[PDB]
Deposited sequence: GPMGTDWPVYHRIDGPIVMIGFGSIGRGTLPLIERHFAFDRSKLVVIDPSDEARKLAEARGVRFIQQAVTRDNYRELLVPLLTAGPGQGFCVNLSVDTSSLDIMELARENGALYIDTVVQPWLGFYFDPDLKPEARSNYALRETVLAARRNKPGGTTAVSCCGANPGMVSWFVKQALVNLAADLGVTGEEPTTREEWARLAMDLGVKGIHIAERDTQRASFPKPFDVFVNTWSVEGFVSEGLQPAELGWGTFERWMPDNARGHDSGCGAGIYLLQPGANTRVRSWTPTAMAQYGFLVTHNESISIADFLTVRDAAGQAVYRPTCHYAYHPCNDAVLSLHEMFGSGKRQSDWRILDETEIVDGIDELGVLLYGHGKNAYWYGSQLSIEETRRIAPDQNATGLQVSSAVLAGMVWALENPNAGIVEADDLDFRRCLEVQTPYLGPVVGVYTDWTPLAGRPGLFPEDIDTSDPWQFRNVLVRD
């Protein structure tokens, strides 16, 4: 009845970054893998991180990993032996692709939760473009040591939820038969079910024991990371059903073809969305890797290679109340707050991180599938983190298990992993995982007091979702 130990790691474990996610992932690595304790080392420039690592009894190197030092630092650490090591990258300000390629070159497994560069026109700031660098790297060097790109809660877990949700939608219609095996089969299942689009539909209700301080940005995970992505252009996977886009929307000349972006910051762009606890709510259209990767994954092309079916996919994020206030403060002031803080589990009085996928446009209108993990449950089952952190760290755990079980798979996205195996590892840490149908649409209660440019023939059009 104790915790399962999934695998032995026969080489160094190098954790890059020991912020909110690193702190939550370390205890799960220790819990679920067998290895000599001295094999693990944490790298992070922060004094705060150093003091926590010392209290946890783990090796700690207080250094920022940079383009200038990453080869001389990471190659010896990852190749120390006797066997294959694992690079666990949970940092800000480091090049995911460069570290990934270095790990592969040296036979070390690799996982991260984001594609980002080393510490510029808007299209270059896009997660579409960054994802294209990873796809190109895979084409240049197929196969080889497994490296898992963007395997956190979102991007990451939500790709597995999309697959489970598609299977459930079919079953709820009385459609029986083997589930898809190939990418094209998954894409055709979405097409055949009439899925028009998908929101990554999230509502964080975690509340702090102190009121939000003036001129302090407050969040339940990285403030630096959230602000960085929130200032990037709004970004979405763009569905074939869409008949309207804003005047300030732009596409891409190259790549998989699945994305557009808007010439405005994602964290100041609102969309109409829905989760089970929030019901109808505003989300922020913050750019995310999975907005592109899920739309790409579910694309059906004709013989000529043109996409004839693709779902819309984007984030619709309602963060914790203090983060909502922090965004209002930041954008209203035109500048970042002087200080910031990430809520510790000891500072959260109650709440959940409700994180799921909202598939819409099919015969049952809309279906939300995801996790309702509470802070109370989090504290009972995993230390050193809040409910936001545990969804992410447990997804990293699942990706690490998959990579150790499938060590010769090359560069892979969350959409490439065995979703059933990953969810089997992750689900002890997700609290209630539920599927909920709703009849809500973005046109509920509309038109109202004022004229609006809506498309009443198709309630889920982005024209109706975007707050204008």
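Novice: Just jot down which stretches of the deposited chain sequence have no CA coordinates, in the order they come.
Specialist: No coordinates exist for the deposited residues in 1 to 4, 124 to 130, 480, so these stretches are absent from the model.
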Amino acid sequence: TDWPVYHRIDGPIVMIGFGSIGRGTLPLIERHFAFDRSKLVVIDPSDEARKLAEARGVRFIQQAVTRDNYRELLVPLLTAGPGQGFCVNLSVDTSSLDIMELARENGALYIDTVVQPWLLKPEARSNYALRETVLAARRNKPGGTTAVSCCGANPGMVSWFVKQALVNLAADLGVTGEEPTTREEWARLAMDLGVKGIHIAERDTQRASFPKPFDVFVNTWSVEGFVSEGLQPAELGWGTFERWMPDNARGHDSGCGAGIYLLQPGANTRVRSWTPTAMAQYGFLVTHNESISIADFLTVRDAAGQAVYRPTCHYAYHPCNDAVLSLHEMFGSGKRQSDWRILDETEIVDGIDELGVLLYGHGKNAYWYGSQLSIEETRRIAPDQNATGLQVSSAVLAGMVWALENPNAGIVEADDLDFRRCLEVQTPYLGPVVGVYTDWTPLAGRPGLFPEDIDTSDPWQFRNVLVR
From here on, numbers count along this sequence of modelled residues.
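Novice: Could you settle it for me: does 215 to 223 or 97 to 105 have the higher average Cα B factor in the PDB entry?
Specialist: The deposited B-factors put 97 to 105 ahead on the C-alpha mean.
Novice: What stretch has the higher average Cα B-factor here, 171 to 179 or 257 to 265?
Specialist: Stretch with the greater average CA B-factor: 171 to 179.
Novice: Take the CA temperature factors straight from the PDB entry and tell me which of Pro276, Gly144, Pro311, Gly370 peaks.
Specialist: Reading the PDB entry, the winner on C-alpha B-factor is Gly144.
Novice: Which listed residue, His318, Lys196, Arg380, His199, has the largest C-alpha temperature factor in the record?
Specialist: Of the candidates given, the C-alpha B-factor peaks at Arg380.
Novice: Sorting by Cα B-factor within the chain, modelled residues only, which third would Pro12 end up in: lowest, middle or highest?
Specialist: It belongs to the middle third of the chain when residues are ordered by C-alpha B-factor.
Novice: Going by the CA temperature factor in the PDB record, which third of the chain does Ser38 belong to: lowest, middle or highest?
Specialist: Its C-alpha B-factor belongs to the highest third of this chain's values.
Novice: Based on the entry's values, in what third of the chain does the Cα temperature factor of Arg272 lie: lowest, middle or highest?
Specialist: Bottom third by C-alpha B-factor.
Novice: Tell me, lowest, middle or highest third: where does the Cα B factor of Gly24 rank within its chain?
Specialist: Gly24: CA B-factor falls in the lowest third of its chain.
Novice: Using the B-factor values recorded in the entry, state whether the Cα atom of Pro432 falls in the lowest, middle or highest third among the modelled residues of its chain.
Specialist: Middle third of the chain for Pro432's C-alpha B-factor.
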